[PDB]
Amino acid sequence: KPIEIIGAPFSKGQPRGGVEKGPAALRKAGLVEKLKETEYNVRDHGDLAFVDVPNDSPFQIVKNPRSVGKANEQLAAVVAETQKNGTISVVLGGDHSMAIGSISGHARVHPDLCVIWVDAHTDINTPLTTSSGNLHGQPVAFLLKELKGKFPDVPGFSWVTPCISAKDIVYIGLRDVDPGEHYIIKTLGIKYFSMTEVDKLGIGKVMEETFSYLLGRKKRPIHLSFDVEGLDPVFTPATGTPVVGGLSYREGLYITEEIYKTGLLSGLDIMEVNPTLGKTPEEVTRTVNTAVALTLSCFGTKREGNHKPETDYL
């Protein structure tokens, strides 16, 4: 199979600057060279160049709506494209709002995809529930059908089409859910596993369940939107919104490992790595490396080891 890396240097999803430098760091850490060393064909599509919407006024609270809608519009296009040619797409973050784009384009080509969202937050606030207008905290609201018409059309997102229903998404690692957001996920009966659940069930049973819950009936394509903040800050320090008491490096890799084992990985998102927010070089290198690590996991790299087939090492 083919693997296509698409850098999305974007950050207007939220106020903190730096995230755009994200895909650069990941590459510098050698994500591509390493990926090539797996059983997959690696094609680096490069870094999208986003056009900045001049005079992008705040639609109510929502900030930079037009810039974020144009950034995402453009991505969904590139993603739909490579997805069409049969290659798995791997979007490197800036912030998480690029998920609207990533998930959209992919949805075009595979409308029956299910989404596994590993993150500390739900990011399901609507333009009417956010406290800040940071669109990085509203991604899943633009993609959800059940939430269509539940909020006023946003300047620039007119191209968006609610592609999945609350019965196709599964959250893992939740621990900082705004009140509104909690209502939304309870009302729509969305399947999640808050940290408390991971604690109660153990990362193992968690996957076991998320799978039989998303692939019990039909075996469909899987979209992994992994928000590097879903791991405890100790592991991924250089982030915009760290929240303590989260997934461990081990648990993180177990998810990507089980996901690889299903062979249904269709699209990936390695978002929120902010090279500038490291309190020391270590913290950033630390973050950038577990990010690069989680990815390689989705594509083979097993912790027990890997040997090349048809070769007798004896």
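From 1 onward, residues are counted along the sequence shown.
Comparing 302 to 310 with 289 to 297, the stretch with the higher mean C-alpha B-factor in the PDB entry is 302 to 310. Per-stretch averaging of Cα B factors for 135 to 143 and 229 to 237 places 135 to 143 on top. Out of 94, 162, 204, 242, it is 162 whose C-alpha atom has the highest B-factor in the PDB entry. Of the candidates 121, 150, 200, 223, the deposited coordinates give 150 the top C-alpha B factor. In this PDB entry, residue 70 carries a Cα temperature factor that places it within the highest third of its chain's modelled residues. Among the modelled residues of its chain, residue 104 has a C-alpha B-factor that falls in the middle third, as given in the PDB entry. The deposited CA B-factor of residue 117 belongs to the lowest third of values across its chain. Compared with the other modelled residues of the chain, the Cα B-factor recorded for residue 155 ranks in the highest third. Among the modelled residues of its chain, residue 194 has a C-alpha B-factor that falls in the lowest third, as given in the PDB entry.
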